[PDB]
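Okay, here's what each chain looks like letter by letter:
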Amino acid sequence: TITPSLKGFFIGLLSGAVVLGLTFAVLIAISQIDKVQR
Amino acid sequence: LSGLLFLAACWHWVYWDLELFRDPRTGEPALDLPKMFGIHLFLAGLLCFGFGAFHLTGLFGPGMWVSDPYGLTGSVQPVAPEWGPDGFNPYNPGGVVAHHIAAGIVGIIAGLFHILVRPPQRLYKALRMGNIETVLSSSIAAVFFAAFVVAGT
Amino acid sequence: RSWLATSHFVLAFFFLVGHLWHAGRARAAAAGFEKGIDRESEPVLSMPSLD
Amino acid sequence: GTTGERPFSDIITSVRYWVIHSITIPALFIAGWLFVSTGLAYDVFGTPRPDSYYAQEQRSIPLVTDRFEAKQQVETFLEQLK
Amino acid sequence: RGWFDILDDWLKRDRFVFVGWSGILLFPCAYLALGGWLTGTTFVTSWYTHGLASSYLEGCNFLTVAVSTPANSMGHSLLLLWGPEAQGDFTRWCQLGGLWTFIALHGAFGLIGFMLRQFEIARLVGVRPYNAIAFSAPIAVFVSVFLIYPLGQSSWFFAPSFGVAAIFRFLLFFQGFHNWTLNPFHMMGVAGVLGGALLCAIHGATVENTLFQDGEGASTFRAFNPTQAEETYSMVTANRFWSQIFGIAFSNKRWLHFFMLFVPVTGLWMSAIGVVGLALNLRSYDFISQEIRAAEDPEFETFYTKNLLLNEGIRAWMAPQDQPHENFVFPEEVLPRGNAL
Amino acid sequence: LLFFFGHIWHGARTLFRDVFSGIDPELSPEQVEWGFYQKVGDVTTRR
Amino acid sequence: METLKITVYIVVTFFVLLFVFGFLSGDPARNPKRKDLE
Amino acid sequence: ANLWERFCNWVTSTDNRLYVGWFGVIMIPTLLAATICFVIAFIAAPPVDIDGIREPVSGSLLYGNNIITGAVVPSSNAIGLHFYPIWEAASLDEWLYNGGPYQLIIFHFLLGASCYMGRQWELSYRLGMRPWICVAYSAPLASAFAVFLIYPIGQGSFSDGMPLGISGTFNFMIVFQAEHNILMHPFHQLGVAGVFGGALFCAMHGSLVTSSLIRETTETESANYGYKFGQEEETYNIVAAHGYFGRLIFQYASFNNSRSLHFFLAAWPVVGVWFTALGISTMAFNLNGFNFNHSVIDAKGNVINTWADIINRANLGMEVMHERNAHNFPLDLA
Amino acid sequence: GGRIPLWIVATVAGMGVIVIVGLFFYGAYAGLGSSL
Amino acid sequence: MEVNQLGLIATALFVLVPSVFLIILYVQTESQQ
Amino acid sequence: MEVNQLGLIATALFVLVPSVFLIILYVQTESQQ
Amino acid sequence: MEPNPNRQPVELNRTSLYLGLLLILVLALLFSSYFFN
Amino acid sequence: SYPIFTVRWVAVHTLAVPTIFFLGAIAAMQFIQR
Amino acid sequence: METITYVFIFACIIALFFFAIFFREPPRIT
Amino acid sequence: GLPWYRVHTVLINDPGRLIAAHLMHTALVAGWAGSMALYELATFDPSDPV
Amino acid sequence: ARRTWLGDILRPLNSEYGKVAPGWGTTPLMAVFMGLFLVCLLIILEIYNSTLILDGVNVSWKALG
Ligand code: CLA
Ligand code: CLA
Ligand code: CLA
Ligand code: CLA
Ligand SMILES: CC(C)=CCC/C(C)=C/CC/C(C)=C/CC/C(C)=C/CC/C(C)=C\CC/C(C)=C/CC/C(C)=C/CC/C(C)=C/CC/C(C)=C/CC1=CC(=O)C(C)=C(C)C1=O
Ligand SMILES: CCCCCCCCCCCCCCCC(=O)OC[C@H](COP(=O)(O)OC[C@@H](O)CO)OC(=O)CCCCCCCCCCCCCCC
Ligand SMILES: CC1=C(/C=C/C(C)=C/C=C/C(C)=C/C=C/C=C(C)/C=C/C=C(C)/C=C/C2=C(C)CCCC2(C)C)C(C)(C)CCC1
Ligand SMILES: CC1=C(/C=C/C(C)=C/C=C/C(C)=C/C=C/C=C(C)/C=C/C=C(C)/C=C/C2=C(C)CCCC2(C)C)C(C)(C)CCC1
Ligand SMILES: CC1=C(/C=C/C(C)=C/C=C/C(C)=C/C=C/C=C(C)/C=C/C=C(C)/C=C/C2=C(C)CCCC2(C)C)C(C)(C)CCC1
Ligand SMILES: CCCCCCCCCCCCCCCCCC(=O)O
Ligand code: OEX
Ligand SMILES: [Cl-]
Ligand SMILES: [Cl-]
């Protein structure tokens, strides 16, 4: 049985996943665009 | 046990210079810490699983202390594992049995992995796995985590 | 009375700090070491050790 | 040594900086001012207005006393204000 | 190069504000803690959790605003925005005190991130990690006071509320209920803090008054060059001065500066240990011998017994409003009071 | 709590073993100068 | 008590006079660098 | 040389293990008197009627105190600001009952500590140093003056000076908060900034120098042996320390000038403590901390409490309980 | 670059900060939180 | 005063054990070549 | 049993003071060249 | 029995002795009141 | 030749923009009557 | 006993002061 | 020589003596457990669990 | 160095000092397992804390009957 608190836990887990994933995707994209010249 | 450990300590102190502690290739003292971790994890998992499956269950052992919600009729009883969601309820003793069974099995498997598979070079260098002090650091971390948990419970 | 007493205690104290500052500096400047210790004639280096 | 960003003094003594910010700074300040003067802050954060701390004849504080019913308790207090 | 290595390059670029891998944790968490404090102190009330006004919008000033702890009935709930208490309602979350746990948690993780920043920068520039090591004292204080103490008490309600006056109330509560001043761990903390201030002042002044003359200016600051190899002040003269004034003096600069690290750090750690004790009401409240003597002999009085009377007054007069969930009603006739006051 | 301090101390010793007795006497000022390297502490990124 | 009072007055006067006459005895010249300060 | 010339040379000699100097000629006897009387009183003095109501308070170890509770008790409120030397008493028994040791001790101590500051100046002059270490010392000394002399002068009695003991100090602090709301006074807030920041900067400076020590030793030796007393070269790399701290915050928030750095280290705590001393010395004349009691009111006129009102409840508890037998009238006016 | 002198910028900004703080103290004596 | 009896030995050992540790180390340092 | 209270500290010090004296002497002998 | 090559001499200089004795004695003075209670 | 938008720009503005907004809000609060 | 203990510790500290001042290891310039 | 706070670093590259030291610590801990249990048995009064 | 019977038996277990797998090896798998472990810890903490409330899971002494 999916209790309201279990639905809320899923919401929090997915929100954290989105936040972290967007942060890392943006960082990876920017690092690829603006590289260090060796 | 204390006396026996004292005698063994004397023996190892005097006969410190054992061939087992030397690298076969260079003759320098060396410990293969990754494989040591695998071995000790396998042993720990075996002991955890045995504690859960035999002692706490009463299959071969006394069980554990259990009581009613108002602490009026506590006694040592065998406890069966609780595999459902209530097994993660801290107040359900069956969860303790189930945890030690499952975590012990996981320890056995992961210990086999850490015995058989060498660390990635990236991690070996990052965590300085050639230096025993890295083990001291991470072990201290695990220990203070456990101490906080037991204080809380 | 409170306003006047507090204000002028503050002023009197900071002016004591001023006396100490400017008197010490005047002595040091008259003697010639208000800008620091001369490296080649450090007075303590010519004194006997305390022990 | 500097890391290549334009100097702050150079930026803040430049005409273009102030062309931009003589617009942006007042706009944000006015946005905050209006956020308060239109009363939207009260609604957003749930903060009582001066006339909404008590019922007319009430002197007891609306304290939350149940963990899992706290939302409903607050809503009941708000209704009792009416 | 692999994407991990490219990302490492970008994170460790030399720029006005260093980012680093630790930055990914530090900057969002520190920003959220600071922004939450400013937001709560500006707009958020404490009416439903404490019966208090606590924001500029309600009329408080910089000294009286706070982000107050959640209600005692919340227990030690994390009070997540999506949690079962607020249930995703932002306004109700704010009214229930979710901002306090929000600030405390994002701030704790921000402290972790900042210490990681100390480690990372030290490693990159090739210095030893002692600044990170010294930062352990602020972290120990924060953990002990804002997490362990409330976790040992009934709920987050009794943790310090994030505000000036709220912190003052925390001090006075600790005096009244814990007799915190009598605790030897707080005493060692006091020694560490005051001795650290003493060392700071005395060392600064000694350096500035044993400078060598390395220029013609009457303002002596321009006579130092960061790349110079020579000491800028006379250790020999400073040692002679303090030996003759105070009896002892430093003679080893490395020991001097390590001692400056050691004193305040150790003091703060000791205070943290004391607070861990107070989390369980494990107080240094009384001296049993003095209590036995005073109970039997009504002419025996010491500053210790006087302070106990003060504590009893604090408890009786502040509990009804400071602990509203208890519903204390103390009839006037039961309040402890001296003559005429 | 005390063991948290122990973790910090021994982890720092592990990661900074090479400077436990002090920093390089030859430490290049350019490695700490701002803007000299594109990447902090990587001489391969000299500008 | 009178003897104690007189003794204390004499002692204090002794030390204070030492202070005053000592600082009058050419104190500014007692430094390591420049004596003739007038 | 004549006898006086020889004596002056000895007094001002820079070769004495401990410098004497003309300030020292006053400092030594006064500090010895204060110390001897304090030790004897702390161990053996009988109870003292601090509040002048014939209710003696026991301060000494032999009369039932321990190290934490013991104290030399301030002189009786019946004496007020009157000068109470031994010879003003009919007997030592009366002197002790009325708390004369406190006056003897604090007066000799304040005079001796003033002379200690002067002695710092004087020896700096003899050694050819710059003169302002004594200025640094003026901060704690001002604090001592505030709690032992200024507050008693303002309040009209040495019985309100800080007791010479640990628990006595706590009593002084609590009553002070009850009567002046010192926590809400900006000068004490500046004092807290001064001492918290002093400790912070102490740790920061120590840690930065220790982190930038130059390698001169092996891992089996203390790094402290890498510095030799009196060596010409600097023992740490300030350039590296600046690189680290400037990247920790940002370049222009870090000192690259050691002289500026050490001046800041001196100035922060010293100024903070000056201001806190002034806080005590001005609350001595009853200019108290901020009072926001009932500042927030609703539309009808109901009082909306704030944390300041909670503070006020605590202060009321302290006020009603302190010196429980001494007040006969409704207002505590001093 | 340096079209508007930095001393002018600093003076004007300081005046603005002073005005804001002064208004806040005026509020201390008026409206909410004034005790009246 | 009715103090904890064990306080005397507690204090004595608290002082003596660490102090003697330090004294041992110092004297054996002094005696080294 | 109602023993002399001071017996504990008497015995402890009787053992510790001479023992530490001996230990100091022995260790500083061992450390000599 | 070949000697162990990992042995190292240990040291405590006089200043360290004085500092340690001060720490110990002051801690004793502080905690003795609580031990006696 | 300097870029306009950088990490420093982002940090500066994350602090500056809300600061002006909040200062406007508090200024407005000064004129609230009970 | 408690008074004796307190005073003993204090007297030890004062003796320590004496030795640390007058029997210190002398600073010696290189 | 080694400072007092580093004396036990002589074990870092000496696995056998590290095992010896760990054995000594384990022996001390086990001995403490036994001693504590015996003291508690000498002092415990089992006559009223209620 | 002394050879012993037990030492000879245990020899193989301490013969691969310094041996590593190339590059990243199993690091991604380790990362996945770490994420799962962290999520499990979060779930257990929320259960103990009453932030996650599940049917049939009563976090109280009354779980004893
Ligand atoms: C069906 C299988 C099963 C079941 C029923 C259980 C059942 C249980 N497990 Mg086990 N587990 C299993 C399989 C299983 N396990 C497997 C396969 C593994 C992998 C090896 C584990 C690994 C594991 C761990 C690592 C832990 C458990 C724990 C538990 C217990 C949770 C209740 C509790 O007291 O939490 C109490 C603990 C928590 C709620 C975790 C708190 C996390 C903290 C807050 C993180 C931060 C700590 C950090 C130091 C910061 C502190 C700062 C602070 C001072 C302010 C319970 C007996 C926990 C336990 O032993 O509890 C006593 C525990 O810690 N399990
Ligand atoms: C490094 C940055 C960082 C960190 C460490 C935290 C940490 C925290 N935040 Mg803060 N937060 C951040 C950034 C961060 N936040 C940002 C940028 C914002 C603005 C958007 C917020 C806004 C915010 C709010 C509004 C709240 C928090 C809260 C919290 C707490 C609970 C978080 C939680 O349970 O997540 C759990 C989530 C995870 C552990 C992520 C797991 C990710 C794995 C990979 C997911 C795996 C399964 C998943 C289903 C993937 C599916 C894939 C596929 C099926 C599609 C915690 C202290 C709460 C709080 O403070 O309560 C008082 C709260 O209410 N945060
Ligand atoms: C598993 C735990 C563990 C282990 C094995 C080590 C091992 C080590 N530590 Mg680490 N350490 C730990 C925990 C641990 N530490 C913790 C928890 C802390 C924080 C308190 C520290 C803080 C620390 C510092 C600051 C330093 C070390 C150092 C060292 C090394 C030398 C130690 C020595 O010679 O002491 C010799 C100690 C003595 C001769 C006397 C100590 C007396 C203590 C203070 C009081 C008595 C304690 C009592 C007898 C035992 C009760 C313990 C019980 C309650 C747990 C050694 C490798 C040193 C190092 O790295 O050297 C290079 C070093 O400088 N450690
Ligand atoms: C101030 C905190 C702090 C600091 C500065 C360090 C610093 C260090 N640690 Mg230690 N560590 C800590 C806490 C800390 N640790 C804690 C609490 C644990 C768990 C017991 C560990 C466990 C640990 C291990 C096992 C190891 C280290 C290692 C290290 C070193 C390498 C850096 C590293 O691994 O980062 C660790 C990274 C972090 C601490 C940041 C984690 C951020 C998390 C993922 C955010 C999670 C948010 C969460 C989901 C929000 C929801 C919770 C909410 C609902 C309550 C370095 C000396 C390594 C080492 O010594 O190598 C030589 C090593 O092997 N650490
Ligand atoms: C999840 C997601 C999105 C993550 C992505 C995050 C990300 C990567 C972001 C990119 C960067 C980004 C956009 C920026 C974030 C912007 C931003 C503002 C957010 C964080 C803001 C915030 C919460 C924090 C700001 C607060 C902050 C830490 C400031 C502290 C400033 C402060 C008061 C410093 C004290 C300065 C001071 C002068 C101290 C003196 C100390 C002292 C005396 C030192 C002694 C000393 C000094 C020397 O000098 C040397 C030499 C030596 C010897 C020495 O003794
Ligand atoms: C060289 C300095 C030596 C003196 C020591 C300084 C005493 C302490 C001063 C501290 C405050 C500094 C006042 C500036 C002292 C000073 O010299 O100012 C001048 C300085 C540089 O100014 P310019 O860019 O004009 O530089 C001209 C250059 O060409 C060379 O000077 O300006 C700044 O740094 C202010 C920018 C505020 C930056 C705000 C950024 C916010 C970012 C938030 C993220 C922060 C990082 C968080 C880390 C976790
Ligand atoms: C040889 C031998 C033997 C014998 C043995 C024995 C008899 C043993 C004993 C042992 C023991 C009998 C042990 C003991 C131990 C103990 C310990 C190890 C202790 C510890 C302690 C501590 C560590 C403490 C600490 C503290 C204090 C003091 C105070 C408070 C705080 C604390 C808790 C921290 C036998 C015949 C069997 C067999 C053969 C061989
Ligand atoms: C919480 C939260 C969040 C976040 C938020 C934030 C991030 C915010 C921020 C905010 C901010 C960021 C704000 C700010 C403000 C500021 C202010 C309000 C300021 C003030 C200032 C002042 C008042 C000052 C003054 C002065 C003086 C007095 C003197 C000197 C100068 C000066 C100017 C400094 C989110 C979204 C996630 C959602 C959930 C919840
Ligand atoms: C620069 C700077 C700054 C700022 C400053 C400021 C902001 C200032 C202002 C100032 C001012 C703003 C001033 C003013 C002045 C004025 C005056 C001085 C006036 C006078 C007047 C008079 C004398 C009058 C008289 C009269 C009478 C008596 C009667 C009727 C008629 C008349 C009105 C004519 C800062 C710190 C940020 C940074 C650094 C730089
Ligand atoms: C470790 C990184 C953590 C990041 C967490 C980011 C949190 C963002 C949360 C914003 C959405 C909140 C969900 C609101 C709806 C939930 C209502 C409910 O079902 O209970
Ligand atoms: O002597 Mn001590 O304390 Ca000053 O206020 Mn009134 O007099 Mn008593 O009463 Mn509150
Ligand atoms: Cl009182
Ligand atoms: Cl009266």
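Residues numbered from 1 in each chain as written, not as in the entry; some residues may be left out. Chains lettered and ligands numbered in written order. Part of a larger assembly, values for the part shown. Heavy atoms only, no water. Residues with missing side-chain atoms left out of burial classes, pairs and counts.

In its metadata, the entry names cryo-EM as the structure determination method and reports 1.71 Å as the resolution.

### What to know about the arrangement of the chains
Out of 44 pairs of chains that touch, the pair holding the most contacts is chains E and H. Nowhere do chain B and chain D come into contact; their C-alpha atoms are at least 19 Å apart. (Contact = heavy atoms within 4.5 Å.)

### So, the interface of chain D and chain E
With 29 residues of chain D at the contact, the number on the chain E side is 32 residues. Of the roughly 2700 Å² buried where chain D meets chain E, counting both sides, 68% is carbon and sulfur surface. Put simply, chain D and chain E have 2 salt bridges between them. We note a salt bridge from D:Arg67 to E:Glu85, for which the minimum N-O separation is 2.9 Å. Where chain D meets chain E, there are 12 residue pairs in polar contact. Of all the elements in the fold, those that place two or more residues in the side of chain D that touches chain E are α2 (15-37), α3 (40-45) and α4 (70-81) of chain D. Examining the composition of the side of chain D that touches chain E, we find that 6 residues originate from one element, α4(D), more than from any other. Split into classes, the residues belonging to the side of chain D that touches chain E amount to 19 nonpolar, 4 polar and 6 charged. (Buried area = accessible area lost by both parts, 1.4 Å probe. Salt bridge = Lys/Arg side-chain N within 4 Å of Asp/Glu carboxyl O. Polar contact = N/O pair within 3.5 Å; in protein donor to acceptor, adjacent residues only side chain to side chain. Helix = DSSP H or I, 4+ residues; strand = E, 2+ residues; numbered from the N terminus. Nonpolar A, V, L, I, M, F, W, Y, C, P; charged D, E, K, R; others polar.)

### Digging into the side chain of H:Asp51
With respect to the helices and strands, H:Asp51 occurs in the loop between α2 (21-44) and β1 (71-72). Of the buried charged residues, H:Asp51 lacks a salt bridge, with E:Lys306 as the closest side chain of opposite charge at 4.1 Å. (Buried < 20%, exposed > 50% of the residue type's maximum accessible area, 1.4 Å probe, protein only. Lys, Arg positive; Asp, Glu negative; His and termini not counted.)

### Looking at helix α1 (residues 3-11) of chain E
Burial of α1(E) is extensive: 7 of the 9 residues sit out of reach of the surface. Within α1(E), the full set of buried residues consists of E:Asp5, E:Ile6, E:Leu7, E:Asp8, E:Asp9, E:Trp10 and E:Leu11. Looking at the packing, one finds that the buried side of α1(E) touches α1 (4-33) of chain A, α4 (121-126) of chain B, α2 (20-43) of chain E together with α1 (7-29) of chain M.

### Topic: the UniProt feature "transmembrane region" in chain L
Mapped onto the present numbering, the UniProt feature "transmembrane region" falls at residues 14-35 of chain L. The distance separating the terminal C-alpha atoms of residues 14-35 of chain L is 30 Å; by composition the span is 100% helix and 0% strand. (UniProt positions renumbered as here; feature names shortened; annotations may be inferred.)

### Considerations on the UniProt feature "transmembrane region" in chain J
Following the UniProt record, the feature "transmembrane region" maps to residues 7-28 of chain J here. The span residues 7-28 of chain J is 100% helical and 0% strand by assignment, and the distance between its end C-alpha atoms comes to 32 Å.

### Section: the site of ligand 3
As a structural note, the neighbourhood of ligand 3 is formed by 15 residues, with F:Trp9, F:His10, O:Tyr5, O:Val7 and O:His8 the closest of them. The environment of ligand 3 is shared, with nearby residues belonging to chains B, F and O. Between ligand 3 and F:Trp9, the relevant distance is 3.0 Å, taken from an oxygen atom to a side-chain nitrogen or oxygen of the residue. Take O:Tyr5: an N or O atom from its main chain is 3.4 Å from an oxygen atom of ligand 3. Going through the elements one at a time, α5 (132-152) of chain B together with α1 (2-15) of chain F are the ones with two or more residues in the shell around ligand 3. When residues in the shell around ligand 3 are grouped by element, the largest group, 7 residues, is from α1(F). (Near = heavy atom within 4 Å.)

### With respect to unusual backbone geometry
Residues and elements named next belong to chain E. We note that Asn-281 has phi near 60°; this positive angle belongs to a residue other than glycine. Here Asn-281 lies in the loop between α9 (253-278) and α10 (288-296). In this structure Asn-281 comes out as partly exposed when scored by relative accessible area, which is 38%. Backbone geometry places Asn-327, a non-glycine residue, at a positive phi of 55°. In this structure, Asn-327 sits in the segment after α11 (303-322). What makes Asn-327 exposed here is its relative accessible area of 63%.

### Looking at the coordination of the calcium atom of ligand 11
Residue and element names in this part refer to chain H. Distances from the calcium atom of ligand 11 to its protein donors, namely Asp-160 (OD) and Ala-334 (O), fall within the range 2.5 Å. You can see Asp-160 sitting in the loop between α5 (133-155) and β2 (164-165) and its partner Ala-334 sitting in the segment after α10 (307-321), a full 174 residues away along the chain. Take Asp-160: its relative accessible area is 18%, and that puts it in the buried class. With relative accessibility at 48%, the residue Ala-334 sits in the partly exposed group. (Donors = N, O, S within 2.8 Å, 3.2 Å for Na, K, Ca; no water.)

### Side note on the packing of helix α7 (residues 186-211) of chain H against helix α9 (residues 258-283) of chain H
All names here are of chain H. In contact at an axis separation of 7 Å, α7 and α9 are set at 155° when each is read in the N-to-C sense. Taken together, α7 and α9 sit at an angle that is classed as roughly antiparallel. Viewed along their axes, α7 and α9 form a crossing whose handedness is left-handed. Along its contact with α7, which presents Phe-187, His-188, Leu-190, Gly-191, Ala-193, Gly-194, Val-195, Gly-197, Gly-198, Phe-201 and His-205, the element α9 presents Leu-261, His-262, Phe-264, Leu-265, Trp-268, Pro-269, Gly-272, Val-273, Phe-275, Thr-276, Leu-278 and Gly-279. (Axes fitted to C-alpha atoms, helices over the stretch in contact; angles between N-to-C directions. Parallel < 35°, antiparallel > 145°, perpendicular 65-115°, else oblique. Left-handed = near helix turned anticlockwise from the far one by under 90°.)

### Observations regarding the interface of chain E and chain H
On the chain H side, the residues contacting the 115 residues of chain E number 120 residues. Carbon and sulfur atoms supply 67% of the area that chain E and chain H bury against each other, a total of about 10600 Å² over both sides. Three residues, E:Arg254, E:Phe303 and E:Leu341, lead the burial of chain E against chain H; their summed loss comes to 9% of the area buried on that side. The interface formed by chain E and chain H holds 5 salt bridges in total. Close ionic contact of E:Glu301 with H:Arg324 constitutes a salt bridge, the shortest N to O distance being 3.1 Å. Linking chain E to chain H there are 45 residue pairs in polar contact. Elements supplying a minimum of two residues to the side of chain E that touches chain H: α4 (98-125), α5 (130-152), α6 (164-178), α7 (184-209), α8 (235-246), α9, α10 and α11 of chain E. If one sorts the elements of the side of chain E that touches chain H by residue count, α7(E) sits on top with 15 residues.

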